[PDB]
Number of protein chains: 4
Amino acid sequence: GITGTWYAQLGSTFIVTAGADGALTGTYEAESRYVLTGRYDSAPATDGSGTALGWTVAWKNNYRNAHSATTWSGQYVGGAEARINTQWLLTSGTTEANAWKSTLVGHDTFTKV
Amino acid sequence: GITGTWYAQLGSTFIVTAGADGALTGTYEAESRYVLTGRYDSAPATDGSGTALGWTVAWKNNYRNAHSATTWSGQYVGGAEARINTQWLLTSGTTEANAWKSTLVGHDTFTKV
Amino acid sequence: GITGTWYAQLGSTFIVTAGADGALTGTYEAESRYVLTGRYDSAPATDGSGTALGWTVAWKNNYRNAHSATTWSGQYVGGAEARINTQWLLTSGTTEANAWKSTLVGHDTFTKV
Amino acid sequence: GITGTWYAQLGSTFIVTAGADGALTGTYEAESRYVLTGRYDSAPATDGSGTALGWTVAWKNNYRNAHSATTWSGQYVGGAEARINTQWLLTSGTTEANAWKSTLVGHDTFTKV
């Protein structure tokens with residue numbers, strides 16, 4: 001259900017493998033490819049509710065470093081129109097005095113199509 | 001700097017290893033111990049700003065399953081009074097109609113002491 | 001531009017008056033009608049960016065009291081397909097020990113249609 | 001309980017009047033003084049839980065305009081060490097393409113002292 005390629009409304013793509021142990025591993029997109037890691041409920045309830053998950057990307061790679069990281073929190077909904085609904089937080093490293101403006105909040109939805 | 005044991009203001013403890021590759025691995029606390037995974041800026045700026053990081057915990061283990069997950073986003077600040085400042089999002093798996101009440105937001109600070 | 005009736009994707013409706021002073025006043029929907037109050041940028045930039053605003057609703061009225069309140073933060077975008085894009089926080093009054101689970105985060109978009 | 005002067009951990013001050021109707025009116029601090037408006041639970045539960053409230057400030061005044069607004073969501077806790085605990089969202093007006101980076105999230109605590 002979760003393993004495979006997902007597309008965000010804006011162009012971004014993520015490729016992920018969901019292990020039997022509750023692990024998420026993959027990449028977020030060559031100068032713009034980045035490593036991701038996360039966890040998920042490997043035994044969800046059967047009564048129709050979604051499957052909880054989360055993952056992180058640090059924005060550094062062989063070609064650039066933005067000195068920041070994003071975390072996504074949300075749930076997988078199965079079916080014909082499968083989707084992953086998230087909210088995210090983006091934190092940048094800052095000095096002592098600019099800490100208050102260090103974190104962005106947003107949201108996103110991913111589909112298979 | 002980041003490897004080691006951290007304590008949250010409320011009692012929670014987390015033990016983490018920061019790899020050379022930008023990886024975070026460890027545990028969050030036996031019936032209450034859980035696996036965590038994340039990423040961090042392995043080459044931060046030198047001008048005094050903090051080090052960006054994030055991690056995820058799925059709330060399932062050999063003893064219980066709360067059908068949910070938490071993600072933490074924030075930064076490490078070094079020195080004599082080292083600390084990690086975060087904001088977090090907690091998502092539970094829900095039905096279609098209760099999705100709107102699915103996600104909590106909060107914050108936390110961790111110290112070495 | 002902002003004065004008038006707005007509809008949320010789920011059925012909710014809000015009626016608002018934007019004063020010359022930067023004030024927002026109106027109602028959010030008879031047992032389910034509630035008073036709202038807010039503020040907005042009464043002199044936005046001309047270069048195409050949106051108009052910042054925010055408002056609050058306390059969930060008490062002559063017929064019920066849910067001991068909570070929601071605040072919306074976002075921006076107005078003008079044109080043929082005018083819209084207001086927000087993120088919101090919902091806080092409930094809690095005891096000392098359950099404070100950590102006191103606040104929900106979500107998002108919403110409103111249209112004229 | 002709520003009427004009066006409150007001080008944030010960083011220097012900011014806010015002066016507010018809580019009406020019998022569930023209204024909040026006041027100012028947030030002369031070139032740096034701004035109008036605020038909000039709402040609160042005028043009949044909270046008696047079992048010890050806090051009193052839910054929210055307010056908004058638009059960052060424009062006779063001396064400057066930052067084309068943005070902040071909303072605060074949280075609760076009042078009474079007693080000898082009275083306090084107001086909040087989380088806030090700050091939205092700036094942006095173009096179509098920079099919308100994703102438009103909103104900051106943070107937190108704050110206010111005291112009487």
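Throughout, protein chains are lettered first and strands after them, A, B, ... in sequence-line order, and every chain is numbered starting at 1. Just so it is clear, the values below take in all heavy atoms, side chains as well, and ignore hydrogens, waters and symmetry mates.
Note: D/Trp72 and D/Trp55 have parallel aromatic rings, judged against thresholds of 30 and 60 degrees for the angle between ring planes. D/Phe110 and D/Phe14 have perpendicular rings, their planes meeting at more than 60° on a 0 to 90° scale where under 30° would count as parallel.
Residues D/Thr103 and D/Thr91 bring a donor and an acceptor atom of their side chains to less than 3.5 Å of each other.
Looking at D/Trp59, there are no atoms closer than 4.5 Å to chain C (heavy atoms on both sides), in backbone or side chain. Heavy atoms closer than 4.5 Å to chain D are found in the backbone of C/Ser92, but not in its side chain. Using a 4.5 Å cut-off between heavy atoms, C/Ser42 contacts chain D through both its backbone and its side chain. Only the backbone of C/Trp88 has a heavy atom closer than 4.5 Å to any heavy atom of chain D.
In terms of heavy-atom proximity, D/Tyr7 sits nearest to D/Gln9 at O-OE1, 3.7 Å.
Taking D/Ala23, D/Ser68, D/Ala43, D/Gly38 one by one and counting their heavy-atom pairs under 4.5 Å with chain C, the maximum is reached by D/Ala43. For chain D, the option among C/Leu36, C/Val105, C/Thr95, C/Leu89 with the highest count of heavy-atom pairs below 4.5 Å is C/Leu89. Ranked by non-hydrogen atom pairs under 4.5 Å with chain C, the options D/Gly48, D/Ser102, D/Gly22, D/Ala69 are led by D/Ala69. Counting heavy-atom pairs under 4.5 Å between each of C/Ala99, C/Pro44, C/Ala66 and chain D puts C/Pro44 at the top. Annotation: maximal heavy-atom pairing with chain C below 4.5 Å, among D/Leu24, D/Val35, D/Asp21, occurs at D/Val35. For the options D/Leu53, D/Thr94, D/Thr37, D/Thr51, heavy-atom pairs under 4.5 Å to chain C are most numerous at D/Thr94.
Side chain of D/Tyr40 to backbone of D/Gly19: a donor-acceptor contact under 3.5 angstrom is found.
More than 12 non-hydrogen atoms from other residues, nucleotides or ligands lie less than 6.0 angstrom from CG of C/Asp47. More than 12 heavy atoms of other residues, nucleotides or ligands lie within 6.0 Å of CG in D/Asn98, so this atom counts as buried by the packing criterion.
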